[PDB]
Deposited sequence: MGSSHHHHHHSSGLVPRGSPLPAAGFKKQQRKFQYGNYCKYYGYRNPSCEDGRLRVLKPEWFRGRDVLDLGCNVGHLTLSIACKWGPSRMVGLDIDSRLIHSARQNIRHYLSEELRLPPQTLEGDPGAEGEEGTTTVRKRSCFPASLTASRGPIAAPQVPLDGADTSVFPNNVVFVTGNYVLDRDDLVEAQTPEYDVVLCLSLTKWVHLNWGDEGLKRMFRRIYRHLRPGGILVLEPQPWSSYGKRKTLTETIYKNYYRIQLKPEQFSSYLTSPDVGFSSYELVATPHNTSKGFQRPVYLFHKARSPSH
């Protein structure tokens, strides 16, 4: 059971080809020379694809599962500050325990990637945990920064609801649905000033054809 979406063979079935269709949708100019945080990086195949070809000055992959982070560090050699010096991995839970911790975050990134993560944060920590993540992302971005959001649809949550009693409990308490993420992220509770639907990448499975959004943090104060 992978109650956080912490699958240890994830890319083997997401990208059987080994070609991640999201790389045709993400734009190189978003990353080149920028500080990037990759949330829920798993074993880091996508993290390392970006770090080794699109030259971010700093790329940080974060995952709650230390086993996947160790794997990600061992995957660096498959992609051989220029890469590999521009990438680091960290084990951690991005969802913060208190709203006081979430509003003390200082800006450090030009880009935050939040790809295929919202469902797992939502199921494990409820609306409250998802909103803490959203507010923390905004606080962690510099003016002019961007959030790249790839959220799972609500229709795909239900088949995971029995993983744990807490997940089950959260499933039936959730009131902020994916269809309302955009409005929430651009409300004063978070503060993103505009957003765009970039595209829906192609994938062998329709279940992985998810919209990719760009949320902009305004350059002016």
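Missing from the model, by position in the deposited sequence, are residues 1-31, 112-166, 308-309.
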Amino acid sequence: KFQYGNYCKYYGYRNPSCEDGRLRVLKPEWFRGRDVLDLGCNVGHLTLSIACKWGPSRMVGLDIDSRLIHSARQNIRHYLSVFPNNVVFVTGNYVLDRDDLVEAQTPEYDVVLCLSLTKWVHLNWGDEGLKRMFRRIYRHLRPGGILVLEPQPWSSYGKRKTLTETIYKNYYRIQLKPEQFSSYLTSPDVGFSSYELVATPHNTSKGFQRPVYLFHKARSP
From here on, numbers count along this sequence of modelled residues.
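Of the two segments examined, 144-152 and 96-104, it is 96-104 that shows the higher average Cα temperature factor in the deposited entry. When 58-66 is weighed against 25-33, 25-33 comes out higher, by mean CA B-factor as recorded in the entry. Ranking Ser81, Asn124, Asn75, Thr91 by the C-alpha B-factor listed in the PDB entry places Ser81 at the top.
Sort the chain's modelled residues by C-alpha temperature factor and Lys169 lands in the lowest third, per the entry. Residue-level temperature factors show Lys206 in the highest third of its chain, judged at the C-alpha atom. Ranked within its chain, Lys119 lands in the lowest third, by CA B factor from the PDB record. In the deposited entry, the Cα temperature factor of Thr47 sits in the bottom third of values across the chain's modelled residues. Ranked by C-alpha B-factor against the other modelled residues of its chain, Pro178 falls in the middle third.
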